[PDB]
Amino acid sequence: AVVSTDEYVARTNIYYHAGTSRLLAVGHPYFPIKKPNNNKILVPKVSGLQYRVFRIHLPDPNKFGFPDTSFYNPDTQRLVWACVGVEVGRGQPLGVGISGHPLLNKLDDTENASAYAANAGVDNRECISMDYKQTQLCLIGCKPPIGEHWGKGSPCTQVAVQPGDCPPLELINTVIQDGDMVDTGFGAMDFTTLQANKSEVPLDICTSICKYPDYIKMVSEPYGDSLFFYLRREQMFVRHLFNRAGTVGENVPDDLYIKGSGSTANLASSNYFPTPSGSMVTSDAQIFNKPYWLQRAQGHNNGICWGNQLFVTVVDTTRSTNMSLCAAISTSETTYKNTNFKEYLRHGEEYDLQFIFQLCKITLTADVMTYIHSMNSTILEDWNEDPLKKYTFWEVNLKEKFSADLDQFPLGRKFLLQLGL
Amino acid sequence: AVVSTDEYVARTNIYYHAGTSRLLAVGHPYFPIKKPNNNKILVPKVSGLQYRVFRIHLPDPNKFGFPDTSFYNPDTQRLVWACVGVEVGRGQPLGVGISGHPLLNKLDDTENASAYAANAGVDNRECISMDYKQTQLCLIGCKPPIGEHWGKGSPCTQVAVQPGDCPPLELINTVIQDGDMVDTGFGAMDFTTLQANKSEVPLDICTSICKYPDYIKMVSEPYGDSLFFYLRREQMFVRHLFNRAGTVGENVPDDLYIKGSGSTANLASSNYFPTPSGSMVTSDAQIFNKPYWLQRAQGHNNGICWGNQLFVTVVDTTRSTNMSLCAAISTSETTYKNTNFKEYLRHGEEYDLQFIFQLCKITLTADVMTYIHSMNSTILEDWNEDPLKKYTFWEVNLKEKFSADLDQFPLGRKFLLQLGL
Amino acid sequence: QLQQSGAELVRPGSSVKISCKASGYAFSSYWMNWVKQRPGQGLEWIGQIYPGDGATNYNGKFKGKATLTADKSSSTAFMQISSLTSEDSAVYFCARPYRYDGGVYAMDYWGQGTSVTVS
């Protein structure tokens, strides 16, 4: 049986504040800029539509040097940091971005037509953009966040997949990594392996995987380390209703309609797809720049940062403004020439993480050691290399950022005022 | 006279948690894919616009094996499960689908016209899509849910129905089965038997019946077993205003207008029909992923699961995203060709049902046995074959899912915290 | 380029299976159309097949007489005739739909023709 950390984790009266200076990220909104002949990334892809997964490193409270150490017995017990307050600061002005594709697979406008559309020739793709669905979310836990998305499942060993056959689906659980993309209105799927077309969605998700937090799985998690607090806010509506060019993968059963004739003789593509649109963005609806008091967790792990680690996942599309900056090739002619100016796109993201940590102690009794051992053997082994080296995330080092004077920081003042004593 | 179950049903102090692992449904959004020559279903129709009716099977508390059995007398009494908490977990990202018809009966745009429309020729049908009306609902009871819809009533034996004559309407009560369609903005009716046209509405409801819960009838129900708790949330607005091609079934009384001339000599179809649109979908408006505490029912059956059965009906169109996936017939040519790619459509639905059940006892006195007998004779007969074999629902077996450690589950923790003791 | 079978001679009551092998394009995207022409006479439509799922439409005249099949792995169409009589002696042709899965804009590629004599 699993038990609340409140059972075996003792709470001291010491509190520390810690915060990143001010994280900054600048890059291209749709794809990374690199050397053609090369593969080295010259400019990274930075979009308001990516997940930001912060791997927070905390100083080992056991190796730490406290002014007083009488509050505990280093022989019978050990120390762990407990996250009690978080403030995800965001800094650019609110605004909405926009993403498209120069060759988006869009046959005709099916929202309203005055006459039967022509006939699909070869390549009827159009240069089309859209404003993705709005998403604000924040996940916190001592384990990396887990997502779900649809990918190409493995085929059954029977009927040999005829070329062009519709590929099988399979919900795939994955670890959400820093830089991954958020569902933008086309759901959470692997567009690379499910769309040979390469033109079904805008460039920025076109050959990526849009993942969605698997909230169900994470909360079912027995110990609840992956996430002991979260805030989610998503909204979306249909802006346009389109058609998909290409060839019928699956024909429309004729028992669903009466054959036409002449123009209506040939059925138009009924492979419709809508254009998303996350409406207006607003201050009143902000989730960030507000402190979160992680006092009572719904999981059994009540904010204990085992391994002196802490994960903060964020997605904020309410500041997705992309800015176009163009430089002139010549500063002479007083007559505009599109050929004289090179147009570019850049997007900036501004973060500032702040935390309030509470020192905790654990008397290493038999039972406790058995439990902690079962739960995560590494806990004890590390007490008196990186297990997720394969994944990536924004590494944040706070070992030199802890301060006992909450008084001196904004999140700190808020905390004191909130907790009174 | 009927009486509250609180009268004859005793509440023990035992509580069990039970839950489906994670139900998953994948298929085509508009129609099932099957072998042409055959009739076997290869891929089922799975849409966010269908009703999901779960037939929950519970282990017979009388046959069950409890660690302690002193809490009751198996001679004078019997045991029944009482539903006290439900959590309908939903798992894909929020989003809106879209449905249409390649040959929708849409003459002209009547929302705004600059000149009198031409003249209906033969087949003026257009390829049109729309975003259905948003609907979120959850019905719970120990009997299947009942719906209403308009169908073709039986004609009076008199005036021989002239071909093309308007068919008579009749509100028809039906059992809502798993897979049935929800009113999408065209009301709750049987389009197959009321629209010979086969082109009045999108393919997905085109030859189906859109049913609406008959909340009035179910709540009037004397014993109130069909539904002892519900949540409904529906919204819709007019996106477009159209005309219907075809021929005047009923002419416009000439006392309602002044005859035209020339172009306005002939009256245009005044058989208008609007295009629905369930606006934006939002987190703040979610009904699911929230626990429902069924403590005080408005009906006489206060959540008693007679027959160790339990029905959970759901409809959620806030995750109706359909994903198009196309496979290339050839991986050679570096030039796009619509003919080289087979386009398809798939939709996935993710559920996760969780319950908290309270054990109950019934001392089988004379009066009690007379009552329960009148109410539903099978109760007693089954105590010391399927009566709804005709109907189909998502069968859910929980006989092996009960656990006495609510502690170990998310809905369970919530329940304990909520109910304190 | 379409290749049909050589000439056939079958006794009344018997049966014949004739092939049309596809080449020079991607078969998996097109139906096959079949017609009939008696000596010194005109053209008649038999049917057309969607190889993928074996779906097919029949001219009433050839309902019990004709059955259509196709081997996707080798891109070949087949037609079998049953209970053959003197009226079945004719030259049969296979022909490709111009527009992928559509049967409009005529038949743009025909086979050489296969002669069948029932005697």
# chains A, B, ... in the order shown; residues from 1 in each chain; ligands from 1
call {"tool": "select_by_dssp", "arguments": {"residues": "region 159-226 of chain A", "states": "alpha helix (DSSP H)", "output": "list in words"}}
result
residues 191, 192, 193, 194, 203, 204, 205, 206, 215, 216, 217, 218, 219 and 220 of chain A
call {"tool": "closest_atom_pairs", "arguments": {"of": "chain A", "to": "chain C", "cutoff": "10 Å", "atoms": "only C-alpha atoms", "output": "CSV"}}
result
residue,atom,partner,partner_atom,distance
A:162,CA,C:28,CA,8.5
A:163,CA,C:28,CA,8.4
A:164,CA,C:28,CA,9.1
A:247,CA,C:29,CA,8.8
A:248,CA,C:101,CA,8.5
A:249,CA,C:29,CA,10.0
A:251,CA,C:101,CA,9.7
A:262,CA,C:104,CA,9.5
A:265,CA,C:104,CA,8.6
A:266,CA,C:102,CA,7.0
A:267,CA,C:102,CA,9.2
call {"tool": "write_last_selection", "arguments": {"atoms": "N, CA and C atoms", "output": "PDB file, in the first residue's frame"}}
result
ATOM      1  N   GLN A 162      -1.274  -2.869 -48.412  1.00  0.00           N
ATOM      2  CA  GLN A 162      -1.165  -2.414 -49.784  1.00  0.00           C
ATOM      3  C   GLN A 162      -0.645  -0.980 -49.681  1.00  0.00           C
ATOM      4  N   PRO A 163       0.228  -0.560 -50.604  1.00  0.00           N
ATOM      5  CA  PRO A 163       0.742   0.816 -50.537  1.00  0.00           C
ATOM      6  C   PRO A 163      -0.419   1.824 -50.517  1.00  0.00           C
ATOM      7  N   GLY A 164      -0.330   2.831 -49.655  1.00  0.00           N
ATOM      8  CA  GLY A 164      -1.398   3.819 -49.583  1.00  0.00           C
ATOM      9  C   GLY A 164      -2.506   3.456 -48.612  1.00  0.00           C
ATOM     10  N   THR A 247      -6.544  11.526 -52.958  1.00  0.00           N
ATOM     11  CA  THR A 247      -7.480  10.554 -53.504  1.00  0.00           C
ATOM     12  C   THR A 247      -8.184   9.778 -52.418  1.00  0.00           C
ATOM     13  N   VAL A 248      -9.444   9.451 -52.674  1.00  0.00           N
ATOM     14  CA  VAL A 248     -10.257   8.722 -51.725  1.00  0.00           C
ATOM     15  C   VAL A 248      -9.553   7.486 -51.180  1.00  0.00           C
ATOM     16  N   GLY A 249      -9.329   7.497 -49.873  1.00  0.00           N
ATOM     17  CA  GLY A 249      -8.675   6.378 -49.229  1.00  0.00           C
ATOM     18  C   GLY A 249      -9.777   5.403 -48.918  1.00  0.00           C
ATOM     19  N   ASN A 251     -13.959   5.131 -49.710  1.00  0.00           N
ATOM     20  CA  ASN A 251     -15.111   5.681 -50.391  1.00  0.00           C
ATOM     21  C   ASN A 251     -16.362   5.796 -49.551  1.00  0.00           C
ATOM     22  N   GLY A 262     -23.859  14.774 -64.369  1.00  0.00           N
ATOM     23  CA  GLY A 262     -23.265  15.972 -64.928  1.00  0.00           C
ATOM     24  C   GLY A 262     -22.146  16.417 -64.010  1.00  0.00           C
ATOM     25  N   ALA A 265     -21.947  14.428 -60.763  1.00  0.00           N
ATOM     26  CA  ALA A 265     -21.779  13.020 -61.081  1.00  0.00           C
ATOM     27  C   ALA A 265     -20.654  12.463 -60.228  1.00  0.00           C
ATOM     28  N   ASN A 266     -19.589  13.252 -60.120  1.00  0.00           N
ATOM     29  CA  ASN A 266     -18.418  12.875 -59.336  1.00  0.00           C
ATOM     30  C   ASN A 266     -18.421  13.527 -57.956  1.00  0.00           C
ATOM     31  N   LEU A 267     -18.357  12.698 -56.925  1.00  0.00           N
ATOM     32  CA  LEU A 267     -18.360  13.191 -55.555  1.00  0.00           C
ATOM     33  C   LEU A 267     -17.099  13.985 -55.209  1.00  0.00           C
TER      34      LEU A 267
END
call {"tool": "interface_residues", "arguments": {"of": "chain B", "to": "chain A", "cutoff": "6 Å", "atoms": "only C-alpha atoms", "output": "MDAnalysis selection string"}}
result
chainID B and resid 102 126 128:129 198 280:283 325:329 336:339 341:344
call {"tool": "closest_residue", "arguments": {"among": "B:177, B:324, B:363, B:226", "to": "residue 389 (chain B)", "atoms": "only C-alpha atoms"}}
result
B:177
call {"tool": "closest_residue", "arguments": {"among": "A:75, A:350, A:386, A:333", "to": "residue 46 (chain A)", "atoms": "only C-alpha atoms"}}
result
A:350
call {"tool": "residues_around", "arguments": {"residues": "region 304-311 of chain B", "least_positions_apart": "6", "cutoff": "7 Å", "atoms": "only C-alpha atoms", "output": "ChimeraX atom specification"}}
result
/B:53-60,80-83,140-144,379
call {"tool": "write_last_selection", "arguments": {"atoms": "C-alpha atoms", "output": "PDB file, in the first residue's frame"}}
result
ATOM      1  CA  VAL B  53     -23.952   4.284 -22.990  1.00  0.00           C
ATOM      2  CA  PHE B  54     -21.991   2.202 -20.507  1.00  0.00           C
ATOM      3  CA  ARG B  55     -23.605  -0.912 -19.027  1.00  0.00           C
ATOM      4  CA  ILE B  56     -21.613  -1.296 -15.788  1.00  0.00           C
ATOM      5  CA  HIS B  57     -21.579  -4.778 -14.319  1.00  0.00           C
ATOM      6  CA  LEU B  58     -20.997  -5.058 -10.604  1.00  0.00           C
ATOM      7  CA  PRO B  59     -20.071  -8.112  -8.586  1.00  0.00           C
ATOM      8  CA  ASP B  60     -23.135  -9.434  -6.702  1.00  0.00           C
ATOM      9  CA  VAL B  80     -27.085  -4.132  -2.755  1.00  0.00           C
ATOM     10  CA  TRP B  81     -24.463  -1.761  -4.076  1.00  0.00           C
ATOM     11  CA  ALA B  82     -25.181   1.980  -3.867  1.00  0.00           C
ATOM     12  CA  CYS B  83     -23.390   4.424  -6.171  1.00  0.00           C
ATOM     13  CA  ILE B 140     -26.607   7.981 -14.355  1.00  0.00           C
ATOM     14  CA  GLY B 141     -29.164   5.457 -13.175  1.00  0.00           C
ATOM     15  CA  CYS B 142     -29.750   1.730 -12.766  1.00  0.00           C
ATOM     16  CA  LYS B 143     -31.895   1.511 -15.910  1.00  0.00           C
ATOM     17  CA  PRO B 144     -30.906   2.415 -19.461  1.00  0.00           C
ATOM     18  CA  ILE B 379     -34.831  -8.243  -7.778  1.00  0.00           C
TER      19      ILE B 379
END
call {"tool": "residues_around", "arguments": {"residues": "region 412-420 of chain A", "least_positions_apart": "4", "cutoff": "7 Å", "atoms": "only C-alpha atoms", "output": "number ranges by chain"}}
result
A: 17, 356, 406-408
call {"tool": "residues_around", "arguments": {"residues": "residue 352 (chain B)", "least_positions_apart": "5", "cutoff": "10 Å", "atoms": "only C-alpha atoms", "output": "VMD selection string"}}
result
(chain A and resid 216 to 217) or (chain B and resid 19 to 24 87 to 91 289)
